[PDB]
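In the form deposited without 5-iodo-2-(oxalyl-amino)-benzoic acid (878), a lone chain appears below as structure tokens.
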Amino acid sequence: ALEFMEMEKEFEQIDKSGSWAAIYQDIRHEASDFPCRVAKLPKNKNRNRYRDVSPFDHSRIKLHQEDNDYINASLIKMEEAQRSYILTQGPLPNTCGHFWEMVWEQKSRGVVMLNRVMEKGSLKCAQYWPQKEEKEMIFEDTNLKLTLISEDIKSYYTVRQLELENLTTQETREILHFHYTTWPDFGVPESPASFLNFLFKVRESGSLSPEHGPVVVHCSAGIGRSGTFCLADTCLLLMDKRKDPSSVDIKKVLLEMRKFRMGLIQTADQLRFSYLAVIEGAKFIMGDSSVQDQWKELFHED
């Protein structure tokens, strides 16, 4: 009856010894370092939100425009898990057209937003989507029209249906916007329940299906919260796919992902939270008594 997951035993040992900072720093020491020459070009200075957060040249997403193909976004391709994600920074006042151009060109079905437009009294990203059905947005620079079709506000997240039209061809597509609205201004969530439920909602939408382009995920820099979302998702998927689930090593998965975008998971607390999310998510998926009750009731409805 009683059996701890291997990462559960690891988690307890790290927690008991108070070594999250040491564990996290080792991951930082071992992380890949690749050039980001395009990102650093003078003409792209206003396309980057932070000088210290850039996409590697080898995995960056290229816009299909002869002028400037640059956008601060990276393709994270997880072979084994058979999952792909585009991690990007929150759009800037001048990169909203590029953002939606990327969504269009990459054939993405979903956009996952993990920050609020304003946090800690500052703007974390531009208001890049329409807030009223009757007030659509037109991005002149990339010739795209974006319309709010519907929106459903829940206590921990909001899901919006958006229609994106390429004005050049008049083709239209429906994009689902999954907005996690409750990550605290400081630190990480006390419990991974709502974040996990949110991940399950994005999964259920079909947005992560290999039949669509990669889901686009962003927070402010596109590495912290965004990194936790993809890391948790990929670890859980691997645990369901492998013959030996206890072989899934979150640290190894995180390093693999860091081969495609720098800085994924920005603090030791975010690492600890990622462990908590995977552990609790794995137990829920495994039909565990405790996790299910406290979930169905409050985590779901109410």
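A residue's number is simply how far along the shown sequence it sits, counting from 1.
Only in words, not in the display: the form deposited with 5-iodo-2-(oxalyl-amino)-benzoic acid (878) bound, which the text now covers.
Worksheet entry | 4.5 angstroms heavy atom contact with 5-iodo-2-(oxalyl-amino)-benzoic acid (878) in the bound PDB entry for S59 | Contact with 5-iodo-2-(oxalyl-amino)-benzoic acid (878), no.
Worksheet item: At the 4.5 Å heavy atom threshold, is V112 in contact with 5-iodo-2-(oxalyl-amino)-benzoic acid (878) in the bound PDB entry?
Response: Because no heavy atom of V112 falls inside 4.5 Å of 5-iodo-2-(oxalyl-amino)-benzoic acid (878) in the bound PDB entry, the answer is no.
Discussion item. Contact with 5-iodo-2-(oxalyl-amino)-benzoic acid (878) in the bound PDB entry for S74, defined as at least one heavy atom pair within 4.5 Å: yes or no?
Written reply: No - in the bound PDB entry, heavy atoms of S74 and 5-iodo-2-(oxalyl-amino)-benzoic acid (878) never come within 4.5 Å of each other.
Worksheet item: Looking in the bound PDB entry, any heavy atom of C219 within 4.5 Å of 5-iodo-2-(oxalyl-amino)-benzoic acid (878)?
Response: Looking in the bound PDB entry, residue contacts with 5-iodo-2-(oxalyl-amino)-benzoic acid (878) include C219, since a heavy atom lies within 4.5 Å.
Worksheet item: Within 177 to 191, which residues have a heavy atom closer than or equal to 4.5 Å from 5-iodo-2-(oxalyl-amino)-benzoic acid (878) in the bound PDB entry?
Response: Counting only heavy atoms within 4.5 Å of 5-iodo-2-(oxalyl-amino)-benzoic acid (878) in the bound PDB entry, the contacting residues of 177 to 191 are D185, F186.
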